[PDB]
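Visitor: The structure that follows is given in the form of structure tokens.
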Amino acid sequence: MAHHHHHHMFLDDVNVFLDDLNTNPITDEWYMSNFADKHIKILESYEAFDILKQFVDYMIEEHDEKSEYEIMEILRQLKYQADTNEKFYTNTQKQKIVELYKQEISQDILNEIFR
């Protein structure tokens with residue numbers, strides 16, 4: 001009645017995870033893996049590829065170590081769906097997240113993606 005619900009909610013799943021686990025001391029990246037486990041086609045090749053760049057920047061902005069596994073699972077599901085081993089960043093980024101990444105973690109991620 002009168003108040004027709006007009007609010008963009010839960011569109012950005014990644015945003016919700018990062019925001020929720022940030023605003024709450026949860027900081028449990030494992031939930032992200034639980035999400036990325038769900039075999040669903042989230043995006044298209046170019047969509048996910050570009051969103052790689054977008055998320056690259058947005059992730060760098062938070063410089064958060066405790067979301068590493070989150071960002072990995074996000075980027076891995078994105079490029080896995082995109083079907084590409086490549087990686088690219090925004091003009092502003094000028095910084096490889098991989099350099100901060102624990103290579104030990106990235107091994108398993110690529111182990112899956114490259115398959």
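For what it's worth, PDB author numbering labels the leading residue of the sequence shown as 1, then goes sequentially.
Using N, Cα and C, we set each Cβ at its ideal position, and we do this for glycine too.
Please name the residue, chosen from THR92, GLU70, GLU62, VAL14, that lies closest to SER106 on a Cα-to-Cα basis.
Guide: The shortest C-alpha to C-alpha distance from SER106 to any of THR92, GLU70, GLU62, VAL14 is the one to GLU70.
Visitor: Taking only three categories from DSSP, how would you classify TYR101?
Guide: coil
Visitor: Any idea if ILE40 is buried or exposed, counting beta-carbon neighbours within 10 angstroms, 16 or more meaning buried?
Guide: It counts as exposed.
Visitor: For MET1, name the three-state secondary structure that DSSP assigns.
Guide: Looking at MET1 - three-state DSSP - the assignment turns out to be coil, as it is neither helix nor strand.
Visitor: Give the range of the alpha helix (DSSP H) segment to which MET59 is assigned.
Guide: 45 to 60
Visitor: In terms of residue numbering, what span does the alpha helix (DSSP H) encompassing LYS79 cover?
Guide: 68 to 82
Visitor: Hey, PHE55 and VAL14 are a contact pair by Cβ (cut 8 Å); roughly how many whole angstroms apart?
Guide: 7 Å
Visitor: Would you please state the rounded distance, in angstroms, between the beta carbons of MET32 and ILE74? I believe it to be under 8 Å.
Guide: 7 Å
Visitor: If you draw a straight line from the alpha carbon of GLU68 to that of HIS3, how long is it in whole angstroms?
Guide: 40 Å
Visitor: Less than 7 Å between the C-beta atoms of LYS66 and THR27, yes or no?
Guide: yes
Visitor: Would you kindly work out how many angstroms separate the C-alpha atoms of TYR46 and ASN24, rounded to a whole number?
Guide: Cα to Cα, the separation comes out at about 33 Å.
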